[PDB]
Student: 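Sharing a structure below in structure tokens format, with a few things to ask.
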Amino acid sequence: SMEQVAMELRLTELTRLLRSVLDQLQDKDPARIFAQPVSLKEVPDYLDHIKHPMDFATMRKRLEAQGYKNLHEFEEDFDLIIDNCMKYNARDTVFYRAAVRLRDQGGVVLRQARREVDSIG
């Protein structure tokens, strides 16, 4: 149908905007601490601690398959990155501190993303 096409064009455009959001959030991680999945070879107990691992490469795969239907779903995944780290790692670690800074800096990007998603529809 023509309606299915219109819906698909909207999804494509959301995917465009979320790709720009993702790039901006990932720039707030210049140490690349959140770039890839935590290695189960190097942290063999990780899944005993963290039930839903997440990272920027995994988000990118979902994004490029157009697997985010709305901004809420994308934000859920970004929040998993932060929250998983702040639980597994102690306050006095470079990892925890990186997550706090990513959360704080990302907030600004996400605030305007929500306005743009609503505004453009």
Side-chain angles (χ1 to χ4, degrees), residues 1-2 4-6 8 11-15 17-40 42-60 62-68 70-110 112-119 121:
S1 74
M2 201 41 240
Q4 290 297 317
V5 171
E8 293 163 356
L11 179 60
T12 297
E13 283 306 297
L14 176 65
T15 304
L17 180 158
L18 296 183
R19 190 177 304 112
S20 172
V21 176
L22 184 63
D23 290 345
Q24 286 177 69
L25 295 170
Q26 188 155 22
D27 289 335
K28 310 310 179 159
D29 171 36
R32 299 193 69 86
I33 292 167
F34 304 104
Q36 293 292 331
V38 171
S39 172
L40 304 174
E42 304 170 358
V43 186
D45 74 353
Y46 189 63
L47 300 183
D48 294 342
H49 291 268
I50 295 304
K51 298 294 163 183
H52 295 100
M54 191 45 57
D55 64 276
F56 287 129
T58 302
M59 292 188 62
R60 195 171 294 278
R62 182 165 167 193
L63 180 60
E64 291 313 330
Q66 304 187 343
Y68 295 115
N70 54 55
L71 182 59
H72 179 75
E73 288 186 349
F74 176 97
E75 295 173 311
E76 288 194 327
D77 271 355
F78 175 68
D79 284 335
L80 277 178
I81 293 177
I82 300 314
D83 291 339
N84 287 346
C85 185
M86 292 176 76
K87 291 166 187 77
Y88 191 80
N89 304 107
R91 227 157 19 252
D92 74 328
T93 61
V94 65
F95 308 107
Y96 184 114
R97 290 164 172 280
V100 165
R101 292 165 60 83
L102 175 64
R103 187 199 64 185
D104 285 351
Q105 296 193 275
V108 183
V109 174
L110 291 170
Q112 201 49 42
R114 162 53 64 206
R115 290 192 69 83
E116 287 176 355
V117 170
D118 291 358
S119 177

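Computed from heavy atoms alone, side chains included, the values below leave out hydrogens, waters and symmetry copies. Throughout, residue positions are numbered sequentially from 1 according to the sequence presented.
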Student: Say you draw a straight line from CD of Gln24 to CG of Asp27; how long is it, rounded to the nearest 0.5 Å?
Tutor: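 It comes to 7.5 Å.
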Student: When you look at CZ of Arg103, are more than 12 heavy atoms from neighbouring residues, nucleotides or ligands closer to it than 6.0 Å?
Tutor: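 Count over threshold, so yes.
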Student: Output yes when a side-chain donor or acceptor of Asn70 lies under 3.5 Å from a complementary backbone atom of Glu73, and no otherwise.
Tutor: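 Pair found, side chain donor or acceptor close to backbone of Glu73.
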Student: Could you give the distance from CZ (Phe34) to CG (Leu25), rounded to the nearest 0.5 Å?
Tutor: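 These two atoms lie 12.0 Å from each other.
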Student: With rounding to the nearest 0.5 angstrom, report the CG to CD distance, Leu11 to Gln4.
Tutor: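 It comes to 11.5 Å.
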Student: Assign the ring pair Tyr46 / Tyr88 to parallel, tilted or perpendicular, where the plane angle (0 to 90°) is split at 30° and 60°.
Tutor: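 It falls in the perpendicular class, over 60°.
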Student: State whether the number of non-hydrogen atoms from other residues, nucleotides or ligands found under 6.0 Å of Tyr96 atom OH is greater than 12.
Tutor: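 Result for OH/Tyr96: enclosed.
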Student: When you look at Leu17 and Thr15, which way does the side-chain contact (heavy atoms from CB on, under 4.5 Å) test go after all the steps?
Tutor: CA-CA 6 Å; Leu17 180 158; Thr15 304; over 6 Å; no
Student: Would you please say whether a donor-acceptor pair under 3.5 Å links the side chains of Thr12 and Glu8?
Tutor: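 Side chains of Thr12 and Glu8: no pair found under 3.5 Å.
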Student: Does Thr58 offer a backbone N or O that forms a donor-acceptor pair with the side chain of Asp55 under 3.5 Å?
Tutor: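 Judged by distance alone, yes, a pair lies under 3.5 Å.
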Student: Return the minimal non-hydrogen interatomic distance between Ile81 and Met59, and the atom names on each side.
Tutor: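 Nearest pair, atom of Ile81 first, then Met59: CD1-SD, 3.7 Å.
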Student: Just do the side-chain contact (heavy atoms from CB on, under 4.5 Å) check on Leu110 and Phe78 with the steps written out, would you?
Tutor: CA-CA 10 Å; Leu110 291 170; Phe78 175 68; 3.7 Å; yes
Student: Just how far is it from atom OH of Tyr68 to atom CG of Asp77, taken to the nearest 0.5 Å?
Tutor: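 That separation rounds to 3.5 Å.
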Student: For a quick test of reading the model, state the closest non-hydrogen atom pair linking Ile33 to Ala98 and the distance between them.
Tutor: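 Heavy-atom minimum between the residues: CD1-CB, 3.6 Å.
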Student: Please report the interatomic distance CE(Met54) to CZ(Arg62), rounded to the nearest 0.5 Å.
Tutor: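 CZ of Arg62 is found 7.5 Å from CE of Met54.
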Student: Has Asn89 got a side-chain atom pairing as donor or acceptor with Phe95's backbone, closer than 3.5 angstrom?
Tutor: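 No.
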Student: Measure the spacing between CZ of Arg97 and CE of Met86 and express it to the nearest 0.5 Å.
Tutor: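 Nearest 0.5 Å value for the CZ-CE distance: 10.5 Å.
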Student: Ion pair present between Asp23 and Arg60, side-chain N to carboxylate O less than 4.0 angstrom?
Tutor: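 The answer is yes: the pair qualifies as a salt bridge.
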